[PDB]
Each structure stands twice: as C-alpha cells, then as structure tokens.
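Residues per chain are reported as follows:
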2 protein chains.
Amino acid sequence: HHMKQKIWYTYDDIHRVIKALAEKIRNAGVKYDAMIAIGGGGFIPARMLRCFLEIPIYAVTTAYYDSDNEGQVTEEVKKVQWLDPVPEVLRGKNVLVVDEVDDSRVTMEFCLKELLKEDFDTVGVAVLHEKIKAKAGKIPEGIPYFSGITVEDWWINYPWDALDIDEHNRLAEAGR
Amino acid sequence: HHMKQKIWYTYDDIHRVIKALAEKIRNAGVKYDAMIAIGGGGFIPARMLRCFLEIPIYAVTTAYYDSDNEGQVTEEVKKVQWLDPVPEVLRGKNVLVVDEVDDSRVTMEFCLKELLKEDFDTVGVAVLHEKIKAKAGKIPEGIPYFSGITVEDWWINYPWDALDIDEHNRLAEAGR
Ligand SMILES: Nc1nc2c(ncn2[C@@H]2O[C@H](COP(=O)(O)OP(=O)(O)O)[C@@H](OP(=O)(O)OP(=O)(O)O)[C@H]2O)c(=O)[nH]1
Ligand SMILES: Nc1nc2c(ncn2[C@@H]2O[C@H](COP(=O)(O)OP(=O)(O)O)[C@@H](OP(=O)(O)OP(=O)(O)O)[C@H]2O)c(=O)[nH]1
Ligand SMILES: [Mg+2]
Ligand SMILES: [Mg+2]
Ligand SMILES: [Mg+2]
Ligand SMILES: [Mg+2]
C-alpha cells in the first residue's frame with residue numbers, strides 16, 4: 001500500500017527511454033568499456049542498454065537486511081554478490097553503473113563508494129528513472145550521472161513485477 | 001545473415017512464456033532457493049522469472065573467444081564473471097540456472113559442469129526457448145531441465161536487440 005500517485009510503464013515504454021538514455025551517454029563524450037548492473041532492478045535496464053552501447057554487463061547485487069545496531073532495528077543495504085576481485089581486463093577502464101530507479105540514493109551511494117576503491121578510470125552511473133524527491137544518499141564527486149527520465153515522487157509499477165501483464169498494460173495506458 | 005526461417009517475439013510474448021515456465025518449475029516439486037542467471041542473455045529471463053518465483057538472482061557471464069589450439073582457431077566459451085567463491089548462504093541449497101536460448105548447449109554444458117563442482121543440493125536449469133536441433137553440448141545427469149517453449153531451428157529475434165522496437169513489434173505480429 002502506498003499513499004502517492006502511481007504510474008505503470010510497459011516494457012516498450014522502458015525500452016524507448018533506454019534508447020534515449022544511451023543517446024545521452026554517447027553525447028557526453030566518455031566511451032564506457034563495460035556496465036556494472038546492480039541486480040535485481042538493474043538487470044533488465046542494463047541488457048536493454050547493451051542493445052545501444054554494445055559493452056559487456058558485469059553484475060553486483062545488493063539487498064536491504066534487518067540491522068540491529070545500538071538498540072534499534074533498521075534496514076541497511078548489504079552486498080549479496082560482488083565483483084571480488086575486479087577482473088584485470090577492467091583495470092584502468094571506464095565502467096557505467098546501471099540501476100532502474102533513483103529513489104533514496106542509499107543503494108547508489110553504497111555501490112559507488114565501494115567501486116571507487118577499485119582501479120577504474122571513470123566510474124559513471126545511469127538510472128532508468130530519477131525520482132524528484134529528497135535523497136538520503138549522496139553521489140560522490142566526479143561521477144557522471146545520467147537518468148532516462150525524471151519522474152514525480154510517484155510509485156512506479158514495473159512490467160517485470162506484473163503477475164498479469166495484460167492488466168499491467170491496461171493500467172499503463174489508462175495513465176497516459 | 002541467416003538462411004533459416006526467422007521469428008520475432010515481443011517483450012510481452014516472452015513475459016507470458018516466463019509465467020508458464022514458472023508454473024512448470026513449481027509443478028515439478030523442487031523449491032529453488034536462488035537463480036544463477038547466465039549473462040547477458042539470461043538476465044532479462046531471470047528477472048522476469050523472479051516475478052513468479054521470488055528468489056534472489058545471482059549472476060555469472062560467459063562469452064565466446066577466439067581460441068588457437070593445435071594450429072586451428074575456433075571459438076570457445078570462457079568465463080567473463082563467475083561466482084568466486086559461492087557464498088555460504090547457497091551451500092547445500094537448490095539453485096536454478098537461467099538462460100534465454102538452448103541452441104547448441106555448449107554454454108549450458110560448460111556452466112553446469114562448473115557449477116557441479118560446488119556444494120549445492122539440486123542444480124536445475126531453466127531456459128526461455130529450446131530449439132529443436134542437434135546439440136554439441138550435453139546436459140549432465142540428474143539436472144532437472146525446463147524450457148518455456150520449444151521452437152523450430154529458427155533464428156529468434158529478441159526485443160532487447162531491437163534498435164527500433166516499433167519495427168520489431170511489426171515483424172512479431174507479421175509472424176503470427
Ligand atoms: N517498483 C518500485 N520499486 C521502487 C520504487 N522506488 C524504489 N523502489 C525499490 O526500492 C528499493 C530500494 O531502492 P534505493 O536504495 O532507494 O535505490 P537508489 O539508491 O537507486 O535510489 C529498490 O529495490 P531493491 O531493494 O534494490 O531490490 P531489487 O528489486 O533491485 O533486487 C527499488 O527497486 C518505485 O517507484 N517502484
Ligand atoms: N538472437 C539470438 N541469439 C541466439 C540464437 N541462438 C543462439 N543465439 C546466441 O548464440 C550464443 C551462443 O549460445 P550457445 O552457447 O549455443 O547457448 P546454449 O548453451 O544455451 O545452447 C548466445 O549468446 P552468447 O554468446 O551467450 O552471448 P550473450 O548475448 O548471452 O551475452 C545466444 O544468445 C537465436 O535464435 N537468436
Ligand atoms: Mg536494486
Ligand atoms: Mg572486493
Ligand atoms: Mg549467453
Ligand atoms: Mg570458483
């Protein structure tokens with residue numbers, strides 16, 4: 001249950017945004033050598049982006065876990081799978097971190113801080129949807145940032161969460 | 001350029017097959033604890049499958065490389081990213097390997113042989129499309145196998161390779 005407005009996007013809607021996102025990246029003048037998709041949400045955006053950028057997709061995954069510190073239980077982000085070690089072919093290369101939604105930036109900050117420990121040239125970040133809202137996380141300095149589209153602070157319903165894709169598509173069209 | 005018949009599938013076409021594939025898996029009676037997606041082709045099928053199976057997606061990636069052995073250059077499959085080491089939470093668990101197409105089975109055999117070196121309970125494999133054709137690779141004994149649909153030996157055009165998704169969808173409908 002959510003209390004804000006809601007929006008549904010078709011697979012094709014998202015594919016079209018990814019094509020435009022690839023063009024934004026290409027126009028910034030840094031040629032990326034590989035993507036690092038943050039699963040699970042970044043996997044589909046990253047493989048769609050590969051259609052247009054034609055660079056390999058490496059993968060990490062994060063998740064929130066119940067953390068009990070100082071007499072208070074809150075959710076914190078942790079690694080589920082990581083690039084340990086980073087392969088030698090990526091040393092000194094440009095890598096593009098890919099995720100589906102910029103909501104709180106807590107995962108994004110965690111992953112970017114960890115990847116800046118490595119021997120990359122340029123680390124950039126590309127997200128499908130950028131929500132306009134307050135952010136708990138911060139993007140480190142010097143990291144190029146791209147979003148496919150900016151969105152209101154609405155709950156986004158992704159087609160890859162649709163038990164009934166026909167009903168999902170109906171709600172997507174009923175929102176246009 | 002290909003010399004066989006060709007088919008185009010929409011994103012929604014594939015989503016519907018994945019829903020049916022999840023039902024085939026559920027009916028076989030083994031509860032899988034995690035997926036291992038083989039990138040890049042397995043990423044989108046695996047995240048679609050997560051909608052219905054609700055288990056985490058781990059990732060490996062393979063690619064073909066030019067291999068020069070005994071005075072003859074052929075393409076061979078190699079690791080690009082692997083699960084090194086397998087996390088302890090997966091020890092003794094059931095893992096479902098996910099890929100998009102069963103064509104030659106050379107990648108599938110390579111990955112399954114490598115994953116059988118680990119301490120899993122059940123290793124199963126799920127593929128979106130199973131092509132009916134001769135196979136160079138072999139599936140090890142005792143590995144449950146599921147395919148979403150079986151297909152003729154045709155070239156499959158995936159929507160995540162469509163530079164123009166509208167033209168892609170036109171060709172998909174023109175094939176029904
Ligand atoms: N459907 C949907 N999900 C939203 C929306 N806003 C945030 N989320 C989910 O919230 C989770 C936490 O995201 P954040 O930590 O805020 O991500 P950020 O750094 O990229 O801004 C993400 O899942 P996660 O914990 O990273 O899991 P996974 O699904 O990526 O594996 C993301 O998918 C929204 O509008 N719609
Ligand atoms: N579009 C399309 N591709 C096909 C088709 N048949 C085979 N392929 C591609 O051939 C490559 C080699 O596949 P195999 O090694 O035969 O796969 P298998 O073991 O699962 O049968 C795969 O890409 P890869 O080298 O594994 O790369 P990636 O794209 O998965 O990263 C796969 O996507 C088809 O009908 N259509
Ligand atoms: Mg995520
Ligand atoms: Mg490390
Ligand atoms: Mg593959
Ligand atoms: Mg190993």
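Here is what the cut-offs are and how they apply
- Bear in mind the residue numbers are our own, running from 1 along each chain as written, so they may not match the entry, and residues with no coordinates are left out.
- The order in which chains are written sets their letters, starting at A; the order in which ligands are written sets their numbers, starting at 1.
- Hydrogens and water molecules were not included; the side-chain quantities draw on all heavy atoms of the structure.
- Residues with missing side-chain atoms are left out of burial classes, side-chain pairs and their counts.
- Under the scheme used here, helices are H or I runs from DSSP no shorter than 4 residues and strands are E runs no shorter than 2 residues, and both carry numbers assigned from the N terminus.
- For the radius of gyration, the atoms used are the C-alpha atoms, and the globule rule reads 2.2 Å times the number of residues raised to 0.38.
- Contact criterion: two residues are considered in contact whenever any of their non-hydrogen atoms come within 4.5 Å of each other.
- A pair is scored as a salt bridge if a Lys or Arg side-chain nitrogen falls within 4 Å of a carboxyl oxygen belonging to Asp or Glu.
- Remark: exposure states derive from per-residue accessible area (1.4 Å probe, protein chains only) relative to the maximum for the residue type, with buried under 20%, exposed over 50%, and partly exposed in between.
- Proximity criterion: a residue is near a molecule or strand once any of its heavy atoms comes within 4 Å of it.
- Any pair of nitrogen or oxygen atoms within 3.5 Å is treated as a polar contact; in protein, a donor-acceptor pairing is required on top of that, and neighbouring residues in sequence qualify only through side-chain atoms on both sides.
- Each accessible area value is a Shrake-Rupley result obtained with a 1.4 Å probe; residue values ignore everything except the protein chains displayed when judging cover.
- Between copies, superposition follows a least-squares criterion applied to the C-alpha atoms.
- We call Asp, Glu, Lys and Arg charged. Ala, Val, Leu, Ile, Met, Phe, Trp, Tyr, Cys and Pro are nonpolar, and the rest, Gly among them, are polar.

As stated in the entry header, the method of structure determination is X-ray crystallography and the reported resolution is 1.5000 Å.

### Things to note about the overall build of chain A
The helix and strand tally for chain A stands at four helices and eight strands. For chain A, whose C-alpha radius of gyration is 17 Å, the value lies close to the compact-globule estimate of 16 Å for 176 residues. Referenced to the eigenvectors of the C-alpha coordinate spread, the extents of chain A come out at roughly 50 × 50 × 25 Å. Relative to all contacts within chain A whose residues are 6 or more apart in sequence, the contacts with residues 24 or more apart total 66%.

### Things to note about the pattern of salt bridges
Residues and elements named next belong to chain A. This model, assessed by the stated rule, comprises 30 salt bridges over all chains. A salt bridge links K79 to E114; the nearest nitrogen and oxygen atoms lie 3.6 Å apart. Separated by 35 residues along the polypeptide, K79 in strand β4 (residues 72-81) and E114 in helix α3 (residues 106-115) bring together distant segments of the chain. Using a relative accessible area of 37% as the deciding quantity, one classes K79 as partly exposed. Between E109 and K113 there is a salt bridge, with its nearest N and O atoms 2.9 Å apart. Linking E109 with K113, this pair stays in helix α3, spanning four residues, or about one helical turn.

### Regarding the site of ligand 2
In the neighbourhood of ligand 2, 19 residues make up the surrounding shell, with B:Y64, B:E100, B:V101, B:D103 and B:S104 lying closest. Around ligand 2 the close residues trace back to chains A and B. A distance of 2.6 Å separates an oxygen atom of ligand 2 from a polar atom in the backbone of B:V101. Notes on ligand 2: free accessible area 720 Å², of which the protein chains cover 83%.

### Things to note about the side chain of B:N94
Within the secondary structure, B:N94 is located in the loop between β4 (72-81) and β5 (95-102). Ignoring anything within four residues of it in the chain, the contact list for B:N94 reads B:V30, B:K31, B:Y32, B:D33, B:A34, B:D121 and B:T122.

### Overview of the relation of the copies chain A and chain B
Overlay of chain A on chain B (RMSD 0.0 Å): rotation 180 degrees, translation along the axis 0.0 Å. The superposition of one copy onto the other is thereby described by a two-fold rotation axis. Same-surface contact between copies: 100% of interface residues of chain A are shared with the interface of chain B.

### With respect to the site of ligand 1
All names here are of chain A. In the vicinity of ligand 1, 19 residues are found, and the nearest of them are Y64, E100, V101, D103 and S104. Here an oxygen atom of ligand 1 and a backbone polar atom of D103 are 2.6 Å apart. One of the backbone nitrogen or oxygen atoms of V106 is found 3.3 Å away from an oxygen atom of ligand 1. Within the complex, the protein chains bury 83% of what would otherwise be the 730 Å² of accessible surface of ligand 1. Elements with a contribution of two residues or more to the shell around ligand 1: β5 (95-102), α3 and β8 (155-157). Along the lines of polarity and charge, the residues of the shell around ligand 1 split into eight nonpolar, five polar and six charged.

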